[PDB]
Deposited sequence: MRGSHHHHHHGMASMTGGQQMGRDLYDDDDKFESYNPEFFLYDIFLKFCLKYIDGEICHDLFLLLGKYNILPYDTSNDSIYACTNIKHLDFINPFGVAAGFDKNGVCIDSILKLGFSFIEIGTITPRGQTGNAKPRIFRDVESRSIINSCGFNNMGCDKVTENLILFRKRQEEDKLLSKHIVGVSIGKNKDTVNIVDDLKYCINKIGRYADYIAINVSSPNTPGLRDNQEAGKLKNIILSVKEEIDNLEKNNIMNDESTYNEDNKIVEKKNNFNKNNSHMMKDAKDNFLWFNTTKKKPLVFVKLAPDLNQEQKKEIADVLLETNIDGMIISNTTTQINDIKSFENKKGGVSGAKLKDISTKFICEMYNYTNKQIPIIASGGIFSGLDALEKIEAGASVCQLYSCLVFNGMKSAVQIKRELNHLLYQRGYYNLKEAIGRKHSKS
């Protein structure tokens, strides 16, 4: 075993320990601290050119990135990317820093590889996170192994903010220049009233405001693409067909660059250890629900809006199911929690194998093949 490799057995011993004894958020923060101090293992393999993917000019070296919320403040972007991910969606930052809901607010259920959280948009604020992203961009600029890595920024509203657009615009003005794309978060179930912004009418206004604000912002782009950040919207899977269809029409009207399918769900209640817990559920129990959601939106949007998959992706098989359902790229969170540091290297290898086995010459060919 190569001790610098994410697959080094020692990291699995650590993973077992963490999962067995350590509080969810404490472990998470410890992990981010390890990454901040750059003492995490890293992937040294070269990514298959056959598994590269894209969403317009956004070129991902591999189809795996880490979902929003994992590095809410962008404290160790480099370290996380070097685990083998092609991109990371930092934050889900708010104009002002806020503490989030009362702890403990993150619980694991290993048997079902599920997580439930009621974090509440805890983050250091757009100002501080921008500084962290700026530091990364400068670092990315001197390093070359990160030149093609992508960083997206998830944005939301502060707990008391009346008009979400006011917060979105503030964040864009501050960090938009350093983002490869912006993720409009209107699907968190831990911020009262936030999900109402998924109503076709409101969502349309929000998306246009975000796009205009990005244009109004426009060496210029200190990001990877060297172009203005694309716009994605992250949706909750707890919507009825009518709602999804109306949203689908808005996404086409607003010509949104992409849609991150499925944030956590609130319709799961078959998990024993989560009965007395609040928040959104992530993990295996969310996979089918979110995959189906992808199928629907892919159809409802006539395969015109690129999809970033999120929800219960742990293996290459799970990723292929998301891909064949219409997803062009995948985001992981729970996988990192349950499979640990070897998450990226492992899932990439699995997907390459599976793509080969099934007879695909590349990953793109598989996108939507479940038609």
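*Asks:* What are the unmodelled segments when the structure is compared with the full deposited sequence, in sequence order?
*Replies:* Several regions go unmodelled: 1-31, 250-287, 441-443.
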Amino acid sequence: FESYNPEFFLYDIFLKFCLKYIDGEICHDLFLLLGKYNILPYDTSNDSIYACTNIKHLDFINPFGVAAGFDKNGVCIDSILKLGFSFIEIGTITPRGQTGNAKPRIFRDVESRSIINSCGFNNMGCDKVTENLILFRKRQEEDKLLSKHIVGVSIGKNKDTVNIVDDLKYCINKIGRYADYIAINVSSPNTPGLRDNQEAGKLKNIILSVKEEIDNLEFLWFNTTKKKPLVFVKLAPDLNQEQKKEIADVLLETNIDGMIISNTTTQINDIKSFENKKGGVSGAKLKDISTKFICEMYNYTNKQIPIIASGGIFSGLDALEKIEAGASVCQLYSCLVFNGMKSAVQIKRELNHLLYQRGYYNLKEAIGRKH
From here on, numbers count along this sequence of modelled residues.
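We call the rigid core the largest set of C-alpha positions that still match within 1.5 Å between the two forms.
*Asks:* Which stretch is less alike in 8 other deposited structures of this protein, 138-146 or 83-91, counting RMS CA distance after the rigid core is superposed?
*Replies:* When 138-146 and 83-91 are compared in 8 other deposited structures of this protein, the bigger C-alpha shift is seen for 138-146.
*Asks:* Comparing C-alpha positions in 8 other deposited structures of this protein against this form, with the rigid core used for the fit, which stretch differs more, 127-135 or 194-202?
*Replies:* Clearly, after the core fit, the stretch farther away in 8 other deposited structures of this protein is 194-202.
*Asks:* Per the record, averaged over C-alpha atoms, which has the higher B-factor: 51-59 or 331-339?
*Replies:* Comparing 331-339 with 51-59, the higher mean C-alpha B-factor belongs to 51-59.
*Asks:* On mean Cα temperature factor in this entry, is 158-166 or 233-241 the higher one?
*Replies:* Comparing 158-166 with 233-241, the higher mean C-alpha B-factor belongs to 158-166.
*Asks:* Sort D78, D180, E253, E89 by C-alpha B-factor from the entry and give me just the highest.
*Replies:* Spelled out: the listed residue with the top C-alpha B-factor is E253.
*Asks:* Which one, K82, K272, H149, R105, has the peak C-alpha temperature factor per the PDB entry?
*Replies:* Going by the entry's C-alpha B-factors, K272 comes out highest.
*Asks:* For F8, does the deposited CA B-factor place it in the lowest, middle or highest third of the chain?
*Replies:* For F8, the deposited C-alpha B-factor lands in the lowest third.
*Asks:* According to the PDB entry, is the CA B factor of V210 in the bottom, middle or top third of its chain, that is, lowest, middle or highest?
*Replies:* As the PDB entry reports it, the C-alpha B-factor of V210 lands in the middle third of its chain.
*Asks:* Quick check on the deposited entry: does the C-alpha B-factor of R349 sit in the lowest, middle or highest third of its chain?
*Replies:* Within its chain, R349 is a middle-third residue by C-alpha B-factor, going by the deposited values.
*Asks:* When the deposited Cα B-factors of this chain's modelled residues are ordered and cut into thirds, is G201 in the lowest, the middle or the highest one?
*Replies:* According to the entry, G201 has a C-alpha B-factor in the chain's highest third.
*Asks:* Pull the Cα B-factor of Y361 out of the PDB entry and bin it into the chain's lowest, middle or highest third.
*Replies:* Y361: CA B-factor falls in the highest third of its chain.
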